[PDB]
Amino acid sequence: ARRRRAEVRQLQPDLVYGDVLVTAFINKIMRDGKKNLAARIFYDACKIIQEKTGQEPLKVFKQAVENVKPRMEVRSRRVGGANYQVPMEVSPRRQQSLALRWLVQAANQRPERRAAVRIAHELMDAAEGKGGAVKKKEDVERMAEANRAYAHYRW
Amino acid sequence: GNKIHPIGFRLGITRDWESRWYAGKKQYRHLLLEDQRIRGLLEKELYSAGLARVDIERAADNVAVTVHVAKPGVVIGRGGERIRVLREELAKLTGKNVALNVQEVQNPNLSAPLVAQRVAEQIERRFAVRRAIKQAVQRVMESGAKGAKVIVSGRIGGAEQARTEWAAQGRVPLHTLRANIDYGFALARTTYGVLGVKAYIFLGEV
Amino acid sequence: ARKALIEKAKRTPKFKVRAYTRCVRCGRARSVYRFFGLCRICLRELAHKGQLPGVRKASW
Amino acid sequence: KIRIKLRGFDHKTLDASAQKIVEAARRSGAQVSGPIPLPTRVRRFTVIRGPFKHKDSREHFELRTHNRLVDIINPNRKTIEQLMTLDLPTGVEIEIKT
Amino acid sequence: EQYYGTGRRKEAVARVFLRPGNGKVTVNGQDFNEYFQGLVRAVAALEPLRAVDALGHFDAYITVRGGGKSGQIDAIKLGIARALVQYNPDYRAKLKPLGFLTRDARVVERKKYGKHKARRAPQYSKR
Amino acid sequence: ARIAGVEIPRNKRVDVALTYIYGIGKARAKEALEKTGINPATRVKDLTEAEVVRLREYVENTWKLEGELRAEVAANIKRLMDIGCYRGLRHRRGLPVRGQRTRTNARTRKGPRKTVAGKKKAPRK
Amino acid sequence: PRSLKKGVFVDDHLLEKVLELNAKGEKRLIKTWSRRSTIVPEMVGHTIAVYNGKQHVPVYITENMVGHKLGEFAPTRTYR
Amino acid sequence: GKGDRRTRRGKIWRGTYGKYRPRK
RNA sequence: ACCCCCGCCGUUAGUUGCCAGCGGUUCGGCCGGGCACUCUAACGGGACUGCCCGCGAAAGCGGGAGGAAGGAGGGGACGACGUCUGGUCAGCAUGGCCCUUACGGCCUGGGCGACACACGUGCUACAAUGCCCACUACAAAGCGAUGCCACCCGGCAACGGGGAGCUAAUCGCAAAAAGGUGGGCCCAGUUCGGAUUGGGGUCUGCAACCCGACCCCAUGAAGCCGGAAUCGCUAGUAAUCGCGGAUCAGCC
Ligand SMILES: [Mg+2]
Ligand SMILES: [Mg+2]
Ligand SMILES: [Mg+2]
Ligand SMILES: [Mg+2]
Ligand SMILES: [Mg+2]
Ligand SMILES: [Mg+2]
Ligand SMILES: [Mg+2]
Ligand SMILES: [Mg+2]
Ligand SMILES: [Mg+2]
Ligand SMILES: [Zn+2]
């Protein structure tokens with residue numbers, strides 16, 4: 001991206017919740033463009049969040065994303081010799097990309113043999129504030145604020 | 001080593017084929033090898049006539065062939081005695097039974113193939129290459145043409161190091177797909193070696 | 001592509017499996033197209049001249 | 001019911017050709033089914049540009065064959081008169097099966 | 001009496017015939033839900049209807065040939081969008097801002113030579 | 001249930017289980033069950049003593065299995081190996097027999113790579 | 001898992017030349033370039049010398065090696 | 001997978017027919 | 001820019017097409033019929049910052065309306081003067097040097113397919129977002145005369161025998177695969193993965209030892225996601241799935 005400021009592709013809302021954020025998450029689950037299996041998994045999961053949890057799936061989901069969005073992250077940088085890890089805010093845009101990505105990743109890191117479940121259970125755990133997803137998130141912030149000395153290299 | 005043949009590039013437009021006849025699968029390869037046999041002799045013979053093109057139309061066992069020349073005389077013959085020898089030497093090659101028309105070239109000074117051969121020859125006779133070239137561009141440029149250009153290969157003057165000579169005037173847009181640029185190549189066997197000759201002539205446009 | 005090795009025209013395959021295309025212009029046995037009798041090179045050379053009836057340049 | 005099938009390399013040497021056949025017989029037979037097109041069959045020849053190596057040179061050559069039909073039902077002598085011997089194009093070749 | 005709108009997408013053609021009625025859809029014979037048996041996207045095609053509170057007011061006979069059931073779902077979506085205009089041409093005002101009256105021109109990209117897939121370029125080592 | 005030469009496939013589908021025998025594959029599996037008319041899906045444990053006898057007898061007597069088989073195969077190789085048979089020499093030399101390339105890719109027959117010293121500057125890339 | 005079909009092939013250079021020797025019993029040597037031929041019983045006991053593509057190697061044909069094809073007993077390449 | 005010559009895919013991949021990918 | 005392919009509309013043309021619309025039905029668009037529609041291929045229209053608001057001296061930048069579409073709408077063909085003493089005398093052409101019972105020519109056989117090893121480009125894979133069986137659904141572009149091979153029969157099968165149509169928008173290759181539905185597997189080197197090897201056999205071809213592809217049985221390897229290092233791709237792209245073609249007896 002040397003020229004323009006590459007605008008963000010706008011996604012078509014969910015075919016059930018009409019929520020764009022959902023499509024996004026579904027796209028992060030998808031692999032080899034098998035978007036059906038991807039959509040299914042997320043919906044089967046939403047129905048697993050309905051059973052084992054008396055709450056509306058959609059709200060559990062958004063809640064999750066929320067706890068998994070890092071607000072500070074460390075970015076490397078060469079400053080006089082060594083490569084000091086400068087701590088800095090995270091764009092609203094990047095927060096999402098990371099949150100969703102992390103969820104799917106940690107979700108596929110779980111044990112339960114069923115794809116749709118790993119997502120179901122991961123989302124919930126995330127909502128409660130536990131789970132591999134939120135780990136990474138809190139690990140990131142920890143990383144920054146632990147290198148908050150080189151923060152005068154603001155960037 | 002770039003750039004396409006200016007003709008083959010424009011075949012869709014500003015330039016028709018040298019053999020326009022339908023055919024297919026079982027015939028095409030046979031019906032084409034022939035055309036080459038044809039052209040083969042004509043160029044081997046009608047050299048002094050000043051060959052420039054050999055259109056070859058067809059329909060069935062009644063071929064066309066319309067040799068284009070600068071000196072239609074040399075072709076025909078005395079009263080038309082040679083156009084008898086060839087026209088016959090023709091069927092001794094293709095039982096097919098074919099004609100043999102002859103159109104004259106209106107100013108061989110706008111026939112890339114001719115201008116080329118023109119230069120190719122001089123070079124064989126040992127004329128100063130650069131001169132022969134400049135002259136040629138002039139002739140061509142001096143008798144119509146909105147642009148022209150000639151190129152001689154290498155070993156100019158028999159020099160041990162192969163070179164490459166130029167010469168050009170007026171627009172000669174090889175890129176413009178609609179120019180109508182006549183392309184002509186001439187060889188040039190020599191005591192020291194082959195030296196290709198390229199002639200480019202630009203006419204009108206649309 | 002030695003005259004000597006253009007015994008391909010000899011028919012006499014003794015067995016028809018010993019038969020082989022060969023260029024009908026340069027002898028370029030290596031990549032001779034059927035529909036033309038010509039090798040990948042000559043096919044390209046002639047297509048440029050226009051001596052290949054209705055054989056324009058592709059593009060799409 | 002004389003079915004004509006015209007094939008040519010030039011999409012004009014036919015529209016010209018097959019069109020003559022329409023205006024002609026349109027004064028001695030039925031009224032012709034109009035020159036119906038018909039899909040074109042293209043032959044691609046993908047060739048390496050130069051000799052010796054350079055696997056990725058290429059350059060494409062295609063030999064597209066075009067077709068036309070027409071169809072004249074109600075054959076009436078004069079039809080086979082205005083057509084029989086009055087063609088013109090050279091880059092064409094017909095096949096008819098009434 | 002009847003309404004028409006074609007609709008093409010990524011190489012798919014859908015003949016859309018609306019007709020004042022219940023709101024059912026016969027895609028190539030099978031029921032709307034029968035041809036698209038289990039495709040989380042299907043719902044899309046009829047979106048141009050809900051656009052102007054149709055569906056339970058119309059009905060649709062649809063012929064679809066070409067491409068894949070996904071491309072067809074978009075051709076059909078465009079069909080139902082066009083036809084819905086021959087009926088009341090006033091629908092544009094709300095049907096267009098959604099972009100339903102556009103013909104997604106995204107098509108497969110030619111496979112160029114030298115490369116594996118039009119773009120996917122072959123890889124090298126110790127270049 | 002124990003079937004052929006020291007065969008004891010258990011707690012899995014009978015077909016699958018029969019596979020655990022030397023001369024039985026997914027093919028002979030559905031057949032031996034086909035003929036002997038036994039559900040293939042039955043867990044070997046849930047089988048019947050009647051079925052285990054028809055199987056035990058049909059299989060053991062219908063195909064050459066286990067040890068006796070390895071005996072044959074070994075016997076074969078030994079043969080084309082005793083006679084100047086090229087194919088037999090490929091066994092001795094330990095190189096692939098079915099005419100494959102031995103300049104690269106023959107590890108399944110050669111074993112682990114046996115690296116040696118070599119020639120650098122001569123783009124062996 | 002070899003296979004020819006119906007008609008075990010054997011060049012008749014050595015065939016009709018091997019059985020001719022079956023009339024007087026056997027002989028003392030042979031030599032054919034037909035390593036392309038299958039081996040038939042009548043060859044047994046005999047001693048045909050096949051061609052490396054350079055040499056004529058003496059191959060004693062026994063029963064155990066019938067179905068094979070001569071060349072399988074006359075190695076081509078030289079290694080180690 | 002695409003490589004098992006005695007399965008549906010293995011046959012499809014190798015563009016063939018047999019006991020595992022019959023004609024119909 | 002002028003040319004080609006893809007986006008939208010119209011005219012001409014209807015043996016492709018559809019009850020769109022009517023009558024019949026072995027209810028197969030099968031029948032009559034009908035060109036509307038899809039389409040087929042030829043031509044014509046359409047985009048130019050042309051119109052509206054904003055800044056600017058201008059070019060133009062931002063924004064908005066209409067529109068299938070825009071500010072080069074998306075993909076090709078197309079590569080300047082020259083550079084690298086770049087590549088190819090092994091495609092062909094050609095100066096010079098060299099060989100002429102041979103550095104020519106024919107043949108049979110072998111070799112180009114060798115291996116202790118090193119590298120490049122790839123295929124398949126290590127699995128449950130998966131594998132297997134069954135049922136069922138959408139494609140495009142191509143190719144077909146001894147050639148594609150319908151359908152029927154013998155074979156588990158490759159394939160063999162018989163034989164219709166096609167001269168190929170009207171017949172065949174052809175089954176698209178991923179996908180949807182139902183079942184099995186239940187986390188194991190396994191119903192993952194198919195190397196390797198034993199046996200039987202088909203097919204082409206004079207001939208498949210060296211050295212063909214295919215089928216069926218048995219075998220069932222390494223591989224549980226890869227060190228340093230390193231490659232591709234900015235959208236219908238990457239990723240993934242199958243389909244065709246050239247060469248071509250057959251086929252690596
Ligand atoms: Mg051959
Ligand atoms: Mg693709
Ligand atoms: Mg398997
Ligand atoms: Mg202005
Ligand atoms: Mg340009
Ligand atoms: Mg050099
Ligand atoms: Mg060199
Ligand atoms: Mg080699
Ligand atoms: Mg059968
Ligand atoms: Zn050639």
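List of remarks:
- Residue C:37 being away from ligand 3 (no atom under 16 Å from the Cβ), in contact with a strand residue (DSSP E or B) (Cβ under 9 Å, 6 or more places away or on another chain) and of a type in the set (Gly, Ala, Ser): no
- Lone unmet requirement of (1) crowded, with 17+ Cβ neighbours inside 10 Å; (2) more than 16 Å from ligand 10 (Cβ to nearest atom); (3) not hydrophobic (A, V, I, L, M, F, W, C) for residue C:16: (1)
- The range E:1-52, subset away from chain A (no Cβ under 14 Å), surrounded by fewer than 18 Cβ atoms within 10 Å (Cβ to Cβ) and of a type in the set (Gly, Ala, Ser), residue farthest from ligand 2 (Cβ to nearest atom): E:21
- Taking the conditions (1) within 14 Å of chain C (Cβ to nearest Cβ); (2) surrounded by 13 or more Cβ atoms within 10 Å (Cβ to Cβ) in turn, residue B:26 satisfies each one other than (2).
- Checking the range D:75-87 against the condition returns a match, with at least one residue being in contact with a strand residue (DSSP E or B) (Cβ under 7 Å, 6 or more places away or on another chain) and either surrounded by fewer than 19 Cβ atoms within 10 Å (Cβ to Cβ) or among the hydroxyl-bearing types (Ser, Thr, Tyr) (or both).
- In the set B:63, B:98, only one residue is over 22 Å from residue B:182 (Cα atoms), surrounded by 18 or more Cβ atoms within 10 Å (Cβ to Cβ) and in contact with a helix residue (DSSP H, G or I) (Cβ under 7 Å, 6 or more places away or on another chain); that residue is B:98.
- Some residue of the range B:1-15 being at the interface with another protein chain (Cβ under 8 Å from one of its Cβ atoms), within 19 Å of residue B:184 (Cβ to Cβ) and exposed (fewer than 14 other Cβ atoms within 10 Å of the Cβ): yes
- Those residues of the range A:18-45 which are surrounded by 15 or more Cβ atoms within 10 Å (Cβ to Cβ), away from every other protein chain (no Cβ under 12 Å) and of a type outside the set (D, E, K, R), in sequence order: A:21, A:24, A:25, A:27, A:29, A:45
- Residue list for chain H, filter: in a helix (DSSP H, G or I) and loosely packed, with under 13 Cβ neighbours inside 10 Å: H:8
- Among the candidates F:107, F:113, the residue that is away from every other protein chain (no Cβ under 12 Å), over 21 Å from the mean Cα position of the chain (by Cα) and surrounded by fewer than 10 Cβ atoms within 10 Å (Cβ to Cβ) is uniquely F:113.
- If you filter the range C:4-17 down to residues that are basic (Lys, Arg) and within 7 Å of RNA strand I (Cβ to nearest atom), you find that the one that is farthest from residue B:40 (Cα to Cα) is C:14.
Matching residues to (1) in a loop (DSSP other than H, G, I, E, B); (2) under 18 Å from residue A:105 (Cβ atoms):
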| site | (1), (2) |
| --- | --- |
| A:4 | yes, no |
| A:13 | yes, no |
| A:16 | yes, no |
| A:25 | no, yes |
| A:31 | yes, yes |
| A:40 | no, no |
| A:46 | no, no |
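- The range H:1-18 residues that are away from chain F (no Cβ under 14 Å) and touching a residue at least 12 places away in the same chain (Cβ under 8 Å), paired with ones that are outside any loop (DSSP other than H, G, I, E, B) and away from ligand 2 (no atom under 16 Å from the Cβ) (beta carbon under 8 Å, 6 or more apart): none
- Residue check, residue C:53 away from chain D (no Cβ under 14 Å), assigned to a loop (DSSP other than H, G, I, E, B) and away from ligand 10 (no atom under 16 Å from the Cβ): no
- Residue within the range A:89-106 that is touching a strand residue (DSSP E or B) at 6+ places or on another chain (Cβ under 7 Å) and in contact (Cβ under 8 Å) with a residue 12 or more places away in the chain present: yes
- Considering (1) in contact (Cβ under 8 Å) with a residue 40 or more places away in the chain; (2) under 30 Å from residue G:59 (Cα atoms), the lone condition that residue F:103 does not fulfil carries the number (1).
- The set of residues in the range C:21-47 that are near RNA strand I (Cβ under 6 Å from one of its atoms) and more than 12 Å from chain B (Cβ to nearest Cβ) comprises C:27, C:28, C:41.
- Breaking point among (1) within 15 Å of ligand 1 (Cβ to nearest atom); (2) more than 21 Å from residue D:57 (Cα to Cα); (3) within 8 Å of the chain's Cα centre (by Cα); (4) among the β-branched types (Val, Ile, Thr), for residue C:32: (2)
- Residue in the range B:198-205 that is touching a residue at least 12 places away in the same chain (Cβ under 8 Å), more than 20 Å from residue B:140 (Cα to Cα), away from ligand 10 (no atom under 16 Å from the Cβ) and not in a strand (DSSP E or B) present: no
- Out of D:48, D:72, D:36, sole residue that is among the hydrophobic types (A, V, I, L, M, F, W, C), crowded, with 16+ Cβ neighbours inside 10 Å and away from chain C (no Cβ under 14 Å): D:72
- When the range C:1-11 is limited to residues that are within 15 Å of ligand 1 (Cβ to nearest atom) and assigned to a loop (DSSP other than H, G, I, E, B), the one that is farthest from the other protein chains (Cβ to nearest Cβ) turns out to be C:7.
- Checklist (1) out of contact with any strand residue (DSSP E or B) (no Cβ under 9 Å at 6 or more places or on another chain); (2) crowded, with 16+ Cβ neighbours inside 10 Å; (3) of a type outside the set (A, V, I, L, M) applied to residue A:85, failing item: (1)
- Residues of the range D:57-69 that are under 11 Å from the mean Cα position of the chain (by Cα) and either closer than 15 Å to residue C:40 by Cα or within 11 Å of another protein chain (Cβ to nearest Cβ) (or both): D:65, D:66.
- Candidates C:42, C:26, filtered to the one that is under 30 Å from residue D:64 (Cβ atoms), near ligand 10 (Cβ under 9 Å from one of its atoms) and in a loop (DSSP other than H, G, I, E, B): C:26
- Options E:85, E:108: the member that is surrounded by fewer than 16 Cβ atoms within 10 Å (Cβ to Cβ), within 25 Å of residue E:28 (Cβ to Cβ) and more than 14 Å from the chain's Cα centre (by Cα): E:108
- The range F:73-125, residues that are in contact with an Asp or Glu (Cβ under 8 Å, 6 or more places away or on another chain) and more than 7 Å from RNA strand I (Cβ to nearest atom): F:84, F:85, F:88
- Scanning the range G:54-80 for residues that are over 24 Å from residue G:4 (Cα atoms), in a loop (DSSP other than H, G, I, E, B) and of a type outside the set (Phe, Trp, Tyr) turns up G:54, G:55, G:77, G:78, G:80.
No value in this document is a laboratory result; all are computed from the given coordinates. Cβ atoms come from the backbone with ideal geometry, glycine included; neighbour counts cover every protein chain shown.
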